[PDB]
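Just the one chain here, the form deposited in one PDB entry, laid out as structure tokens.
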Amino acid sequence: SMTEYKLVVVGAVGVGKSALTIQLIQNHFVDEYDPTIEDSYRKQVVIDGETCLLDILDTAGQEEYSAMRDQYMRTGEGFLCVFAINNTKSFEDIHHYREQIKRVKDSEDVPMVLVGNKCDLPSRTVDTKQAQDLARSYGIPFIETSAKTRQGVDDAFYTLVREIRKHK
């Protein structure tokens, strides 16, 4: 069968983790806010000529339950680390997610992609260069996205699969 990739979407509340995933899976944009408990999705795609099965875990951004992320970080193969380009605190929260992932997996080498979402909005507070420099210091790709316009949605998830492939 085709190879399966366990992707995990993480980041602060409201950055657009679910909107991005639902855009990937269902090709439409959720305008209302449905806060996530935990959701899982499956989708087959072709990436670099090779067909594969995405297993996506869409996680809650609730800070209250930060202790309970360790188990899905153990299971996950790659992590989409999402912030919103109009929310500087969500950008600052990224360091804590990457540190938590590295600690849980006890490795400096975990497949990750930095995603700056909501690039359709005019209220930008995190500059592209700011995020690009952070991603470079981590050694991971950076992708700007909009769940509303679909800009970069496929690119973010596919780039993460390529990161897992380079690791495996």
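All residue numbers are counted from 1 along the displayed sequence.
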- Which of the two stretches, 38 to 46 or 128 to 136, shows the higher mean Cα temperature factor in the record? 128 to 136
- Determine, for stretches 54 to 62 and 95 to 103, which one has the higher mean CA B-factor as deposited. 95 to 103
- Message: Going by the CA temperature factor in the PDB record, which third of the chain does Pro111 belong to: lowest, middle or highest?
- Response: middle
- Pull the Cα B-factor of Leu7 out of the PDB entry and bin it into the chain's lowest, middle or highest third. lowest
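This next part talks about the form deposited with a partner chain bound, which is not shown.
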- Message: Check for me whether the partner chain, as it appears in the bound PDB entry, comes within 4.5 angstroms of all of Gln62, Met73 and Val104 - heavy atoms only.
- Response: yes
- Note on the structure: Among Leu160, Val15, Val10, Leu20, just one has a heavy atom within 4.5 Å of the partner chain in the bound PDB entry, namely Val10
- Is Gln130 one of the residues lying within 4.5 Å of the partner chain in the bound PDB entry, judged by heavy atom distances? no
- How about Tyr97: is it within 4.5 Å of the partner chain in the bound PDB entry, going by heavy atoms? yes
